[PDB]
Amino acid sequence: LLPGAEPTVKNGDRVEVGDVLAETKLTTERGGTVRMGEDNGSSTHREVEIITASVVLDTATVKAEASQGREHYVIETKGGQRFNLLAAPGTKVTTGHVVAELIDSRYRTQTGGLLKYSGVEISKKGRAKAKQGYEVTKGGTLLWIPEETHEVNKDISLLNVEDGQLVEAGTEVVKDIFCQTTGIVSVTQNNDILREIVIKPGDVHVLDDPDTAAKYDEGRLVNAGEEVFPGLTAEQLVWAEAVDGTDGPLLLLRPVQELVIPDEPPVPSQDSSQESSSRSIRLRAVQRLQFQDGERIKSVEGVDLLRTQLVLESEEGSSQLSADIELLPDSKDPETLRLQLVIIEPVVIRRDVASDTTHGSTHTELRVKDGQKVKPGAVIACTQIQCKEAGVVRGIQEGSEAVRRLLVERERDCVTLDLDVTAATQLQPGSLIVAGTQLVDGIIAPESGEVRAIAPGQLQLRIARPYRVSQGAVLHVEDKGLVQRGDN
């Protein structure tokens with residue numbers, strides 16, 4: 001018998017050809033839905049799948065695009081806001097990794113910057129390299145002056161653009177790169193080295209004696225009409241700033257904008273199963289933010305600003321929190337395309353094995369269908385072990401939990417042997433009679449074994465073979481046991 005099989009017949013019942021004697025029950029825990037997985041022969045779809053996290057997304061379409069070099073797919077949300085899919089539908093990831101990104105129409109920023117982290121309800125999770133800032137959860141009143149500082153090192157003689165002056169892109173403050181627009185120059189009387197030139201063309205001015213005002217005090221905090229100095233009251237909401245350039249210390253303003261952050265980026269509705277078998281997958285589009293207050297941008301690039309990450313916080317706690325896949329079937333009856341993310345587990349069904357000398361025929365049978373709500377601990381498969389010859393079943397080893405061997409008395413075992421009148425000697429069902437032993441008149445019995453039914457002329461008996469055991473032999477078997485051919 002199989003290691004995990006179980007007898008189904010009782011000690012003494014007649015057994016026919018093809019009758020099932022053993023069966024092993026294979027069950028799957030946390031059973032959500034159950035797939036078809038037909039095991040009939042060698043069908044293409046035999047690997048039964050359970051599924052517990054069926055997903056039916058709202059309006060969000062995948063399709064076939066080969067644009068931008070070779071090939072990739074892009075998502076849309078509600079009105080068409082682009083959820084760019086950075087990873088193929090074969091990520092094999094579980095959590096903590098990005099699955100969609102947001103566009104940066106306004107977040108496509110300028111070269112430099114002076115970030116003022118102001119009243120933004122950002123997260124609290126130390127960057128630790130791979131975080132690119134914290135996640136902005138709800139609140140936003142962010143302030144940013146995008147001041148376009150250009151970093152290049154040269155000397156005063158090579159500064160044909162001079163310093164503390166405005167000039168178009170024709171002549172530049174540069175020696176290795178090229179300028180972009182009207183180059184307001186700014187050099188703080190630097191010898192043999194300098195810093196990032198702070199070009200301030202938006203709100204050029206010439207105000208004098210700057211570093212004594214009540215508003216420009218290295219931090220600004222300037223409103224729409226905060227008067228830095230008497231006479232000239234500001235009009236724009238920009239920050240009042242000064243640069244010690246022309247004629248000793250000078251004042252040059254810079255335009256400032258607001259980067260107010262609304263609520264978390266919206267995923268409209270995912271019909272992903274949450275309370276089905278306690279597997280609750282969720283996707284939260286949450287925007288992120290880079291370097292904090294005291295790391296004002298001084299480089300020259302488009303510097304990628306706020307980056308929305310599609311968190312996949314699923315359930316409360318599981319193996320790597322999702323143990324999921326991200327393959328996409330069809331969406332509905334309309335042959336559209338929609339990404340789906342479920343939890344799968346592999347269940348293996350062994351191939352059928354034909355008859356053999358020491359084993360029997362095995363047929364597995366399925367008791368499930370294409371889809372049905374089931375409970376954890378539900379039997380999926382039944383592997384049935386049958387017989388190859390009829391007769392009686394006997395020798396059911398009662399044991400405790402180790403029913404391993406079964407015995408079937410076939411018709412060939414019993415042999416009809418013609419003999420004497422069968423007189424009233426001890427000869428009764430049970431007596432063991434050996435070949436060559438004496439009988440009613442010394443007639444030789446041509447067979448050996450145990451007599452069961454005495455006939456008027458026959459003593460039909462089951463065949464056996466005596467094995468003489470000398471005193472002191474180390475026994476290797478117990479009484480009433482079962483043995484195979486070539487066994488000690």
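Quick notes
- Using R0 = 51 Å, the C-beta based FRET efficiency linking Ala455 and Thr27 works out to 0.50.
- Under 5 Å between amide hydrogens, built in the peptide plane, is the criterion, and for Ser448 it picks out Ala464 among residues at least 5 positions away or on other chains.
- For segment 183-320, Kirkwood radius (reciprocal of mean inverse C-alpha pair distance, Å): 19.5 Å
- With the largest listed first and rounded to whole Å, the semi-axes of the equivalent ellipsoid of segment 208-248 from the Cα gyration tensor are 17, 11, 9.
- Taking the Kirkwood radius as Rh and the Cα radius of gyration as Rg, segment 76-147 has a ratio of Rg/Rh equal to 1.01.
- Extent of segment 253-299 along its three principal axes (Cα atoms, max minus min coordinate, largest first): 60, 19, 15 Å.
- The modelled label-to-label distance for the pair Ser67/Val152, using points 7 Å beyond Cα in the direction of Cβ, is 3.5 nm.
- Among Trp144, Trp239, sorting on how many other beta-carbon atoms sit within 10 Å of each Cβ, with the fewest leading, yields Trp144, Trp239.
- Available extension along the chain between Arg412 and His97 is 106.5 nm, counting 0.36 nm per residue and deducting the alpha carbon span.
- Here the calculated FRET efficiency for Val483 and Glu316, from their Cβ-Cβ distance with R0 = 41 Å, stands at 0.15, rounded to the nearest 0.05.
- Förster radius 56 Å - calculated FRET efficiency between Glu447 and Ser43 (Cβ-Cβ, nearest 0.05): 0.60
- The stretch between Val392 and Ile193, if pulled fully straight at 0.36 nm per residue, gains 61.2 nm over its current Cα-Cα span.
- Sorting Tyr216, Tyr134 from the fewest to the most surrounding beta carbons within 10 angstrom yields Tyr134, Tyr216.
- Extension reserve of the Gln257-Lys375 stretch, reckoned as 0.36 nm per residue once the Cα distance is removed: 36.8 nm
- Ranking of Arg46, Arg288, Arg279 by count of other Cβ atoms within 10 Å, fewest first: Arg46, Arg288, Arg279
- Rg then Dmax, both in Å and based on the Cα atoms of segment 221-299: 23.2, 75.
- Computed P(r) (all Cα pairs; the chain; 10 Å bins; percent): 3, 12, 14, 13, 10, 10, 8, 7, 6, 5, 4, 3, 2, 1, 0, 0
- Length-normalised contact order for the chain - Cα pairs under 8 Å, 6+ apart - percent: 21 percent
Only the coordinates and a few stated rules stand behind these numbers; no lab work does. Here Cβ is always computed from backbone atoms with ideal geometry, including for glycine, and neighbour counts include all displayed protein chains.
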